[PDB]
$ cat protein_29.tsv   # TSV, N, CA, C and O atoms
chain	number	residue	atom	x	y	z
A	1	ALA	N	186.95	20.40	-195.82
A	1	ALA	CA	188.34	20.42	-196.17
A	1	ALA	C	188.64	19.28	-197.10
A	1	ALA	O	189.03	18.19	-196.67
A	2	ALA	N	188.38	19.48	-198.35
A	2	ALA	CA	188.64	18.48	-199.33
A	2	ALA	C	189.53	19.02	-200.42
A	2	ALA	O	190.73	18.76	-200.44
A	3	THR	N	188.95	19.81	-201.29
A	3	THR	CA	189.63	20.32	-202.43
A	3	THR	C	188.66	21.21	-203.19
A	3	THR	O	187.57	21.50	-202.68
A	4	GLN	N	189.03	21.59	-204.38
A	4	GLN	CA	188.23	22.41	-205.26
A	4	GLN	C	186.79	21.90	-205.44
A	4	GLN	O	185.86	22.70	-205.42
A	5	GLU	N	186.61	20.59	-205.60
A	5	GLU	CA	185.27	19.98	-205.77
A	5	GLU	C	184.35	20.27	-204.59
A	5	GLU	O	183.13	20.24	-204.71
A	6	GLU	N	184.94	20.55	-203.46
A	6	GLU	CA	184.20	20.95	-202.28
A	6	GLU	C	183.93	22.43	-202.34
A	6	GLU	O	182.79	22.88	-202.14
A	7	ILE	N	184.96	23.18	-202.70
A	7	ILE	CA	184.95	24.61	-202.60
A	7	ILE	C	184.05	25.20	-203.65
A	7	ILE	O	183.05	25.76	-203.34
A	8	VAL	N	184.42	25.03	-204.88
A	8	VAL	CA	183.67	25.53	-206.02
A	8	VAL	C	182.20	25.15	-205.98
A	8	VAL	O	181.35	26.02	-206.13
A	9	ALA	N	181.92	23.89	-205.74
A	9	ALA	CA	180.55	23.43	-205.63
A	9	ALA	C	179.80	24.18	-204.53
A	9	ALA	O	178.66	24.60	-204.72
A	10	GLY	N	180.47	24.44	-203.42
A	10	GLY	CA	179.85	25.06	-202.32
A	10	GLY	C	179.76	26.54	-202.47
A	10	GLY	O	178.75	27.14	-202.15
A	11	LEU	N	180.83	27.12	-202.96
A	11	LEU	CA	180.98	28.53	-203.12
A	11	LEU	C	179.97	29.02	-204.13
A	11	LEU	O	179.37	30.08	-203.96
A	12	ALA	N	179.75	28.22	-205.16
A	12	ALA	CA	178.76	28.51	-206.16
A	12	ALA	C	177.40	28.56	-205.53
A	12	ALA	O	176.63	29.47	-205.79
A	13	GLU	N	177.12	27.59	-204.66
A	13	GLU	CA	175.84	27.51	-203.98
A	13	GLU	C	175.59	28.69	-203.08
A	13	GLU	O	174.47	29.18	-202.97
A	14	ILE	N	176.64	29.17	-202.47
A	14	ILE	CA	176.56	30.38	-201.66
A	14	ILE	C	176.15	31.55	-202.58
A	14	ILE	O	175.23	32.29	-202.28
A	15	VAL	N	176.80	31.63	-203.72
A	15	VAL	CA	176.58	32.70	-204.69
A	15	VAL	C	175.17	32.58	-205.32
A	15	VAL	O	174.58	33.58	-205.78
A	16	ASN	N	174.64	31.38	-205.30
A	16	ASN	CA	173.30	31.09	-205.79
A	16	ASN	C	172.29	31.79	-204.90
A	16	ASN	O	171.38	32.45	-205.38
A	17	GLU	N	172.49	31.65	-203.61
A	17	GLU	CA	171.57	32.17	-202.61
A	17	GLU	C	171.82	33.65	-202.34
A	17	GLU	O	170.88	34.43	-202.26
A	18	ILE	N	173.08	34.02	-202.19
A	18	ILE	CA	173.47	35.41	-201.93
A	18	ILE	C	173.01	36.33	-203.06
A	18	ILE	O	172.37	37.37	-202.82
A	19	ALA	N	173.34	35.97	-204.28
A	19	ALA	CA	172.97	36.78	-205.42
A	19	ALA	C	171.87	36.10	-206.22
A	19	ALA	O	170.68	36.38	-206.05
A	20	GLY	N	172.28	35.19	-207.04
A	20	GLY	CA	171.36	34.47	-207.90
A	20	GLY	C	172.06	33.99	-209.12
A	20	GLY	O	171.70	34.33	-210.25
A	21	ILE	N	173.09	33.27	-208.88
A	21	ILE	CA	173.89	32.67	-209.91
A	21	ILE	C	173.44	31.23	-210.06
A	21	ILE	O	172.76	30.74	-209.19
A	22	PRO	N	173.73	30.58	-211.18
A	22	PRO	CA	173.50	29.17	-211.33
A	22	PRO	C	174.76	28.40	-210.95
A	22	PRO	O	175.89	28.86	-211.20
A	23	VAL	N	174.61	27.25	-210.33
A	23	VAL	CA	175.75	26.48	-209.85
A	23	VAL	C	176.54	25.77	-211.00
A	23	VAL	O	176.67	24.54	-211.09
A	24	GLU	N	176.98	26.58	-211.93
A	24	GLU	CA	177.79	26.14	-213.04
A	24	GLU	C	178.69	27.28	-213.51
A	24	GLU	O	179.63	27.08	-214.27
A	25	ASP	N	178.38	28.49	-213.06
A	25	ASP	CA	179.09	29.66	-213.56
A	25	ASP	C	180.31	29.88	-212.72
A	25	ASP	O	181.37	30.25	-213.21
A	26	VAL	N	180.16	29.62	-211.45
A	26	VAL	CA	181.23	29.78	-210.50
A	26	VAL	C	182.16	28.60	-210.63
A	26	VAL	O	181.91	27.54	-210.08
A	27	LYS	N	183.14	28.75	-211.48
A	27	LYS	CA	184.10	27.73	-211.71
A	27	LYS	C	185.37	28.09	-210.98
A	27	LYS	O	185.51	27.88	-209.79
A	28	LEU	N	186.24	28.68	-211.68
A	28	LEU	CA	187.49	29.20	-211.22
A	28	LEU	C	187.80	30.30	-212.17
A	28	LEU	O	187.22	30.34	-213.25
A	29	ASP	N	188.62	31.22	-211.73
A	29	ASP	CA	189.08	32.37	-212.53
A	29	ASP	C	187.93	33.34	-212.80
A	29	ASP	O	188.07	34.31	-213.51
A	30	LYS	N	186.80	33.10	-212.13
A	30	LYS	CA	185.62	33.92	-212.28
A	30	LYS	C	185.62	34.97	-211.24
A	30	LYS	O	185.63	34.67	-210.06
A	31	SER	N	185.49	36.13	-211.69
A	31	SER	CA	185.62	37.37	-210.93
A	31	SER	C	184.42	37.69	-209.99
A	31	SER	O	184.19	38.85	-209.66
A	32	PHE	N	183.69	36.66	-209.57
A	32	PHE	CA	182.50	36.74	-208.71
A	32	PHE	C	181.56	37.88	-209.08
A	32	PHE	O	180.79	37.77	-210.01
A	33	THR	N	181.68	38.98	-208.40
A	33	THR	CA	180.87	40.16	-208.63
A	33	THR	C	181.02	40.65	-210.09
A	33	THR	O	180.04	41.05	-210.72
A	34	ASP	N	182.21	40.52	-210.64
A	34	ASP	CA	182.50	41.07	-211.94
A	34	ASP	C	182.05	40.15	-213.04
A	34	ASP	O	181.48	40.58	-214.03
A	35	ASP	N	182.26	38.85	-212.87
A	35	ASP	CA	181.89	37.92	-213.95
A	35	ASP	C	180.48	37.44	-213.77
A	35	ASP	O	179.63	37.59	-214.64
A	36	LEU	N	180.23	36.89	-212.60
A	36	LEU	CA	178.99	36.20	-212.29
A	36	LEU	C	177.85	37.17	-212.10
A	36	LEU	O	176.71	36.86	-212.47
A	37	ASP	N	178.17	38.32	-211.47
A	37	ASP	CA	177.24	39.38	-211.12
A	37	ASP	C	176.67	39.12	-209.76
A	37	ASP	O	175.54	38.67	-209.59
A	38	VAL	N	177.53	39.26	-208.82
A	38	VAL	CA	177.19	39.14	-207.43
A	38	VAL	C	177.34	40.52	-206.83
A	38	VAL	O	178.09	41.33	-207.37
A	39	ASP	N	176.64	40.81	-205.76
A	39	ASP	CA	176.81	42.10	-205.10
A	39	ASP	C	178.10	42.09	-204.31
A	39	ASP	O	178.28	41.24	-203.45
A	40	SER	N	179.01	42.99	-204.65
A	40	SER	CA	180.25	43.22	-203.93
A	40	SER	C	180.09	43.21	-202.40
A	40	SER	O	180.82	42.49	-201.71
A	41	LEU	N	179.15	43.97	-201.90
A	41	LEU	CA	178.94	44.05	-200.46
A	41	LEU	C	178.49	42.68	-199.88
A	41	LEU	O	178.80	42.33	-198.74
A	42	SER	N	177.80	41.90	-200.69
A	42	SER	CA	177.32	40.60	-200.29
A	42	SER	C	178.42	39.54	-200.48
A	42	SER	O	178.34	38.44	-199.94
A	43	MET	N	179.45	39.89	-201.24
A	43	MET	CA	180.57	39.01	-201.52
A	43	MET	C	181.30	38.66	-200.27
A	43	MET	O	181.76	37.55	-200.12
A	44	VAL	N	181.36	39.61	-199.35
A	44	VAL	CA	182.01	39.40	-198.06
A	44	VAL	C	181.32	38.23	-197.33
A	44	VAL	O	181.99	37.34	-196.79
A	45	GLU	N	179.98	38.20	-197.39
A	45	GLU	CA	179.18	37.14	-196.78
A	45	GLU	C	179.56	35.81	-197.40
A	45	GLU	O	179.77	34.84	-196.71
A	46	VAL	N	179.69	35.83	-198.73
A	46	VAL	CA	180.03	34.66	-199.52
A	46	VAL	C	181.39	34.08	-199.11
A	46	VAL	O	181.62	32.89	-199.16
A	47	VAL	N	182.26	34.94	-198.63
A	47	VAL	CA	183.62	34.54	-198.26
A	47	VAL	C	183.58	33.84	-196.94
A	47	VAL	O	184.09	32.73	-196.80
A	48	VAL	N	182.95	34.48	-195.97
A	48	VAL	CA	182.83	33.93	-194.64
A	48	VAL	C	181.94	32.68	-194.70
A	48	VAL	O	182.00	31.80	-193.85
A	49	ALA	N	181.12	32.59	-195.74
A	49	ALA	CA	180.31	31.44	-195.93
A	49	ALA	C	181.14	30.34	-196.53
A	49	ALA	O	181.00	29.17	-196.18
A	50	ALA	N	182.03	30.72	-197.44
A	50	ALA	CA	182.92	29.81	-198.10
A	50	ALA	C	183.86	29.17	-197.08
A	50	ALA	O	183.87	27.96	-196.93
A	51	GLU	N	184.59	29.97	-196.35
A	51	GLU	CA	185.57	29.43	-195.42
A	51	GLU	C	184.97	28.59	-194.29
A	51	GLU	O	185.51	27.53	-193.95
A	52	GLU	N	183.82	28.99	-193.81
A	52	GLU	CA	183.11	28.24	-192.79
A	52	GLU	C	182.58	26.92	-193.33
A	52	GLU	O	182.35	25.99	-192.58
A	53	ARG	N	182.38	26.86	-194.62
A	53	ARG	CA	181.89	25.66	-195.24
A	53	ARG	C	183.05	24.73	-195.61
A	53	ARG	O	182.99	23.52	-195.40
A	54	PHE	N	184.14	25.30	-196.12
A	54	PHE	CA	185.24	24.49	-196.67
A	54	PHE	C	186.34	24.23	-195.67
A	54	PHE	O	187.31	23.56	-195.98
A	55	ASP	N	186.18	24.78	-194.49
A	55	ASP	CA	187.10	24.57	-193.33
A	55	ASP	C	188.34	25.42	-193.37
A	55	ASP	O	189.24	25.26	-192.54
A	56	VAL	N	188.42	26.33	-194.30
A	56	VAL	CA	189.54	27.23	-194.34
A	56	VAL	C	189.20	28.48	-193.49
A	56	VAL	O	188.11	28.55	-192.92
A	57	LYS	N	190.09	29.42	-193.37
A	57	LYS	CA	189.79	30.67	-192.75
A	57	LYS	C	190.34	31.75	-193.64
A	57	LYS	O	191.49	31.67	-194.09
A	58	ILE	N	189.53	32.73	-193.94
A	58	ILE	CA	189.93	33.78	-194.83
A	58	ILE	C	189.73	35.12	-194.13
A	58	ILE	O	188.61	35.50	-193.80
A	59	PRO	N	190.83	35.83	-193.84
A	59	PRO	CA	190.78	37.16	-193.21
A	59	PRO	C	190.29	38.20	-194.20
A	59	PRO	O	190.34	37.96	-195.41
A	60	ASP	N	189.90	39.38	-193.72
A	60	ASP	CA	189.36	40.42	-194.61
A	60	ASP	C	190.39	40.87	-195.64
A	60	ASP	O	190.02	41.20	-196.76
A	61	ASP	N	191.67	40.82	-195.28
A	61	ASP	CA	192.74	41.16	-196.23
A	61	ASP	C	192.81	40.15	-197.36
A	61	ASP	O	193.15	40.50	-198.49
A	62	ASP	N	192.46	38.91	-197.07
A	62	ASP	CA	192.42	37.88	-198.10
A	62	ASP	C	191.11	37.85	-198.81
A	62	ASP	O	191.04	37.47	-199.96
A	63	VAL	N	190.05	38.25	-198.13
A	63	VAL	CA	188.72	38.40	-198.74
A	63	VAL	C	188.85	39.33	-199.96
A	63	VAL	O	188.41	39.01	-201.05
A	64	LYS	N	189.51	40.45	-199.74
A	64	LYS	CA	189.74	41.46	-200.78
A	64	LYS	C	190.91	41.08	-201.70
A	64	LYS	O	191.25	41.80	-202.64
A	65	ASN	N	191.53	39.97	-201.40
A	65	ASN	CA	192.66	39.44	-202.15
A	65	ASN	C	192.14	38.49	-203.20
A	65	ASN	O	192.73	38.33	-204.28
A	66	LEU	N	191.03	37.87	-202.90
A	66	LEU	CA	190.42	36.95	-203.80
A	66	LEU	C	189.55	37.75	-204.75
A	66	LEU	O	188.59	38.36	-204.32
A	67	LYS	N	189.90	37.81	-206.00
A	67	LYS	CA	189.07	38.54	-206.93
A	67	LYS	C	188.26	37.61	-207.80
A	67	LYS	O	187.24	37.99	-208.36
A	68	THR	N	188.73	36.38	-207.92
A	68	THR	CA	188.03	35.39	-208.62
A	68	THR	C	187.90	34.18	-207.75
A	68	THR	O	188.53	34.08	-206.68
A	69	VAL	N	187.09	33.26	-208.18
A	69	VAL	CA	186.95	31.99	-207.51
A	69	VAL	C	188.16	31.13	-207.76
A	69	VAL	O	188.42	30.17	-207.05
A	70	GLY	N	188.96	31.55	-208.72
A	70	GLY	CA	190.21	30.90	-208.94
A	70	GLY	C	191.12	31.19	-207.79
A	70	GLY	O	191.70	30.29	-207.21
A	71	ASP	N	191.18	32.47	-207.42
A	71	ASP	CA	191.93	32.93	-206.25
A	71	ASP	C	191.41	32.23	-205.03
A	71	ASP	O	192.16	31.56	-204.33
A	72	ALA	N	190.10	32.38	-204.82
A	72	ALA	CA	189.41	31.88	-203.65
A	72	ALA	C	189.72	30.45	-203.39
A	72	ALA	O	190.33	30.13	-202.41
A	73	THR	N	189.36	29.64	-204.31
A	73	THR	CA	189.51	28.22	-204.20
A	73	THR	C	190.96	27.78	-203.95
A	73	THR	O	191.22	26.93	-203.08
A	74	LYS	N	191.88	28.36	-204.68
A	74	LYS	CA	193.29	28.05	-204.56
A	74	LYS	C	193.78	28.44	-203.21
A	74	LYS	O	194.66	27.81	-202.66
A	75	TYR	N	193.23	29.50	-202.70
A	75	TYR	CA	193.56	29.97	-201.40
A	75	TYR	C	192.98	29.05	-200.34
A	75	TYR	O	193.69	28.59	-199.45
A	76	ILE	N	191.69	28.81	-200.47
A	76	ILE	CA	190.91	28.01	-199.55
A	76	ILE	C	191.54	26.64	-199.34
A	76	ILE	O	192.03	26.38	-198.29
A	77	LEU	N	191.56	25.83	-200.39
A	77	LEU	CA	192.04	24.45	-200.38
A	77	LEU	C	193.41	24.38	-199.74
A	77	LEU	O	193.65	23.63	-198.79
A	78	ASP	N	194.24	25.27	-200.21
A	78	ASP	CA	195.65	25.34	-199.84
A	78	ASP	C	195.83	25.74	-198.38
A	78	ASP	O	196.84	25.44	-197.75
A	79	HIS	N	194.84	26.40	-197.85
A	79	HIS	CA	194.85	26.81	-196.47
A	79	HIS	C	193.99	25.90	-195.59
A	79	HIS	O	194.07	25.99	-194.36
A	80	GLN	N	193.14	25.05	-196.19
A	80	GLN	CA	192.32	24.12	-195.41
A	80	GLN	C	193.21	23.10	-194.87
A	80	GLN	O	193.39	22.93	-193.66
A	81	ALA	N	193.77	22.43	-195.79
A	81	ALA	CA	194.68	21.37	-195.56
A	81	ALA	C	195.98	21.65	-196.30
A	81	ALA	O	196.12	21.23	-197.47
$ encode --input "protein_29.tsv" --output "structure tokens"
Amino acid sequence: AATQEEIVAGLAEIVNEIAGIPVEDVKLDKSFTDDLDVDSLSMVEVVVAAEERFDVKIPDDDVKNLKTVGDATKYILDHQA
């Protein structure tokens, strides 16, 4: 529970392992599956991995609400603390 520097850095790392992105592409405003090229079905894992890592909690309605890491992160941080 810090901020974007926690989230993005971590979320990218999740996307690194889940799919195979480099930890520089996942910035913000990046459409995950659409921009980065992550598997949609695996994106759900990335979310539960994100929130468990960044101390936020993201319900499935918000999982599908986050279309980019811009969404995600803004949601996460803002809901962590």
$ closest_residue --input "protein_29.tsv" --among "A:39, A:45, A:55, A:17" --to "residue 79 (chain A)" --atoms "all atoms listed in the file"
A:55
$ select_by_dssp --input "protein_29.tsv" --residues "chain A" --states "alpha helix (DSSP H)" --output "PyMOL selection string"
chain A and resi 4-18+40-54+60-63+69-80
$ closest_residue --input "protein_29.tsv" --among "A:78, A:70, A:1, A:35" --to "residue 54 (chain A)" --atoms "only C-alpha atoms"
A:1
$ residues_around --input "protein_29.tsv" --residues "residue 50 (chain A)" --least-positions-apart "3" --cutoff "7 Å" --atoms "all atoms listed in the file" --output "list in words"
residues 7, 10, 11, 14, 44, 45, 46, 47, 53, 54, 55 and 56 of chain A
$ atom_distance --input "protein_29.tsv" --atom1 "atom O of residue 15 (chain A)" --atom2 "atom C of residue 62 (chain A)"
18.4 Å
$ atom_distance --input "protein_29.tsv" --atom1 "atom C of residue 71 (chain A)" --atom2 "atom C of residue 12 (chain A)"
14.5 Å
$ decode --input "protein_29.tsv" --residues "region 19-51 of chain A" --atoms "N, CA, C and O atoms" --output "tab-separated table (two decimals), in the first residue's frame"
chain	number	residue	atom	x	y	z
A	19	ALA	N	2.15	-13.54	-18.57
A	19	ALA	CA	2.22	-13.57	-20.01
A	19	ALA	C	3.66	-13.63	-20.47
A	19	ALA	O	4.21	-14.70	-20.75
A	20	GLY	N	4.28	-12.49	-20.50
A	20	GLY	CA	5.64	-12.37	-20.94
A	20	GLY	C	5.89	-11.00	-21.47
A	20	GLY	O	6.27	-10.82	-22.63
A	21	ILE	N	5.62	-10.06	-20.65
A	21	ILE	CA	5.83	-8.68	-20.94
A	21	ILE	C	7.14	-8.26	-20.31
A	21	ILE	O	7.65	-8.99	-19.48
A	22	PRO	N	7.75	-7.16	-20.75
A	22	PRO	CA	8.90	-6.61	-20.10
A	22	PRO	C	8.46	-5.56	-19.08
A	22	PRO	O	7.47	-4.82	-19.32
A	23	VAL	N	9.13	-5.47	-17.96
A	23	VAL	CA	8.73	-4.56	-16.89
A	23	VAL	C	9.06	-3.06	-17.22
A	23	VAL	O	9.83	-2.36	-16.54
A	24	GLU	N	8.53	-2.62	-18.32
A	24	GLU	CA	8.64	-1.25	-18.78
A	24	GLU	C	7.43	-0.88	-19.62
A	24	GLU	O	7.18	0.28	-19.90
A	25	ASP	N	6.67	-1.89	-20.04
A	25	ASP	CA	5.58	-1.65	-20.96
A	25	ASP	C	4.34	-1.31	-20.18
A	25	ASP	O	3.56	-0.46	-20.56
A	26	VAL	N	4.20	-1.98	-19.06
A	26	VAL	CA	3.08	-1.79	-18.19
A	26	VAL	C	3.30	-0.51	-17.41
A	26	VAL	O	4.00	-0.50	-16.41
A	27	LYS	N	2.83	0.57	-17.96
A	27	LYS	CA	2.94	1.85	-17.35
A	27	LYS	C	1.62	2.21	-16.71
A	27	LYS	O	1.28	1.78	-15.63
A	28	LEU	N	0.87	2.94	-17.43
A	28	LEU	CA	-0.46	3.36	-17.11
A	28	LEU	C	-1.10	3.58	-18.43
A	28	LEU	O	-0.39	3.72	-19.43
A	29	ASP	N	-2.41	3.51	-18.45
A	29	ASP	CA	-3.23	3.75	-19.65
A	29	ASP	C	-3.02	2.62	-20.68
A	29	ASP	O	-3.54	2.65	-21.77
A	30	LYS	N	-2.33	1.57	-20.25
A	30	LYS	CA	-2.05	0.42	-21.09
A	30	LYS	C	-3.09	-0.60	-20.89
A	30	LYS	O	-3.28	-1.09	-19.78
A	31	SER	N	-3.64	-0.98	-21.94
A	31	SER	CA	-4.81	-1.85	-22.04
A	31	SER	C	-4.52	-3.36	-21.75
A	31	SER	O	-5.26	-4.22	-22.21
A	32	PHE	N	-3.49	-3.63	-20.96
A	32	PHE	CA	-3.03	-4.98	-20.58
A	32	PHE	C	-3.05	-5.98	-21.74
A	32	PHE	O	-2.16	-5.99	-22.56
A	33	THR	N	-4.09	-6.75	-21.81
A	33	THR	CA	-4.27	-7.74	-22.85
A	33	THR	C	-4.23	-7.09	-24.26
A	33	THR	O	-3.64	-7.64	-25.19
A	34	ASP	N	-4.75	-5.88	-24.36
A	34	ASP	CA	-4.90	-5.24	-25.64
A	34	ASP	C	-3.62	-4.56	-26.06
A	34	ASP	O	-3.21	-4.65	-27.21
A	35	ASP	N	-2.94	-3.91	-25.13
A	35	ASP	CA	-1.72	-3.19	-25.51
A	35	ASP	C	-0.51	-4.07	-25.38
A	35	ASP	O	0.23	-4.29	-26.33
A	36	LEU	N	-0.36	-4.62	-24.20
A	36	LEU	CA	0.83	-5.36	-23.81
A	36	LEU	C	0.88	-6.72	-24.47
A	36	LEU	O	1.96	-7.20	-24.81
A	37	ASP	N	-0.32	-7.34	-24.57
A	37	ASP	CA	-0.53	-8.68	-25.11
A	37	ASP	C	-0.41	-9.69	-24.01
A	37	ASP	O	0.59	-10.38	-23.85
A	38	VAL	N	-1.38	-9.63	-23.17
A	38	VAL	CA	-1.52	-10.56	-22.08
A	38	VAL	C	-2.75	-11.40	-22.39
A	38	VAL	O	-3.62	-10.94	-23.13
A	39	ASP	N	-2.83	-12.59	-21.86
A	39	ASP	CA	-4.03	-13.40	-22.06
A	39	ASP	C	-5.13	-12.89	-21.17
A	39	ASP	O	-4.96	-12.84	-19.96
A	40	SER	N	-6.23	-12.47	-21.77
A	40	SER	CA	-7.44	-12.06	-21.08
A	40	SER	C	-7.82	-12.98	-19.91
A	40	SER	O	-8.05	-12.50	-18.80
A	41	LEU	N	-7.87	-14.27	-20.15
A	41	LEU	CA	-8.25	-15.21	-19.12
A	41	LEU	C	-7.22	-15.22	-17.96
A	41	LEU	O	-7.56	-15.44	-16.80
A	42	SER	N	-5.98	-14.93	-18.28
A	42	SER	CA	-4.91	-14.90	-17.31
A	42	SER	C	-4.87	-13.53	-16.61
A	42	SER	O	-4.25	-13.37	-15.56
A	43	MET	N	-5.54	-12.55	-17.19
A	43	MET	CA	-5.60	-11.19	-16.67
A	43	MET	C	-6.26	-11.18	-15.33
A	43	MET	O	-5.87	-10.42	-14.47
A	44	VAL	N	-7.24	-12.05	-15.15
A	44	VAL	CA	-7.95	-12.17	-13.88
A	44	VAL	C	-6.93	-12.51	-12.77
A	44	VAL	O	-6.95	-11.91	-11.69
A	45	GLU	N	-6.01	-13.43	-13.08
A	45	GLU	CA	-4.95	-13.84	-12.15
A	45	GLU	C	-4.12	-12.64	-11.78
A	45	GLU	O	-3.82	-12.41	-10.63
A	46	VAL	N	-3.78	-11.86	-12.80
A	46	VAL	CA	-2.96	-10.66	-12.67
A	46	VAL	C	-3.62	-9.64	-11.73
A	46	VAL	O	-2.94	-8.91	-11.03
A	47	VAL	N	-4.92	-9.66	-11.67
A	47	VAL	CA	-5.68	-8.70	-10.87
A	47	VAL	C	-5.61	-9.11	-9.43
A	47	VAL	O	-5.25	-8.31	-8.56
A	48	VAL	N	-5.94	-10.36	-9.18
A	48	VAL	CA	-5.91	-10.90	-7.84
A	48	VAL	C	-4.46	-10.94	-7.34
A	48	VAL	O	-4.19	-10.94	-6.14
A	49	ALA	N	-3.52	-10.93	-8.27
A	49	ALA	CA	-2.15	-10.90	-7.92
A	49	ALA	C	-1.76	-9.48	-7.57
A	49	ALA	O	-1.00	-9.24	-6.64
A	50	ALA	N	-2.32	-8.54	-8.32
A	50	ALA	CA	-2.08	-7.14	-8.12
A	50	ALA	C	-2.61	-6.71	-6.76
A	50	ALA	O	-1.85	-6.23	-5.92
A	51	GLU	N	-3.87	-6.94	-6.49
A	51	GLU	CA	-4.46	-6.48	-5.25
A	51	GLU	C	-3.86	-7.12	-4.00
A	51	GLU	O	-3.62	-6.44	-3.00
